[PDB]
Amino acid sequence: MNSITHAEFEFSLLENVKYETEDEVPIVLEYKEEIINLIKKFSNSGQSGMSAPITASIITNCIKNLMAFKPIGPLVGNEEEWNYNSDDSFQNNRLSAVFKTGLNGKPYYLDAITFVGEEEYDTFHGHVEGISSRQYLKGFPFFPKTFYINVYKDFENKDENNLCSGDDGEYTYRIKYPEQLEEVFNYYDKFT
């Protein structure tokens, strides 16, 4: 109790509002008890002003990874980390969007790149100008990272070999900032 004044007050601000519809209730209120219990344990662990932001970052990074079915630390890639109950592609047990084709195949990650269009909500996995969402791991230990690559729709200079459709006609997606790809391929190896 002696350490939750701030957190309890922040939740009280959300609770003291009259919500016309249930759809308007803030999502975090569902998790008040579990969040407060985490704050309590953290506040009773003997942290100092200087040690607390480190510990807090470790905790919250753990939660974020586990909620996304990502490992707590890096993938090791050793023999036990793979599911061999498939004919061709072996799936990683700890990060299931990682696969390798063959026992000694080069592992790749389905979620390496999410493409981000110019219009709100136009975010997708796919292929844009020979850049796929899946990319090769450089090796192990592997720390997963997703890169968000901006794209735009080219209506004038379309390419019939890869067109898209919509309420605005035919177009092909193009990489908007090619320099963003250099960061990707300092992290991954290009999948072709």
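Note that residue numbering begins at 1 and tracks the sequence as displayed.
**Q** Averaged over C-alpha atoms, is the B-factor higher for 148-156 or for 132-140 in this PDB entry?
**A** The deposited B-factors put 148-156 ahead on the C-alpha mean.
**Q** Out of 67-75 and 101-109, which one has CA B-factors that are higher on average in the deposited record?
**A** Mean B over CA atoms: larger for 101-109.
**Q** In terms of recorded Cα temperature factor, pick the maximum from 126, 166, 53, 26.
**A** Across 126, 166, 53, 26, the entry lists the biggest C-alpha B-factor for 166.
**Q** In terms of the chain's CA B-factor thirds, is residue 11 lowest, middle or highest?
**A** Residue 11: CA B-factor falls in the lowest third of its chain.
**Q** Divide the modelled residues of the chain into thirds by Cα B-factor and specify which third, lowest, middle or highest, holds residue 122.
**A** Tercile = middle for this residue's CA B-factor.
**Q** Determine, from the deposited record, the chain-internal third of the Cα B-factor for residue 60: lowest, middle or highest.
**A** CA B-factor rank for residue 60: lowest third.
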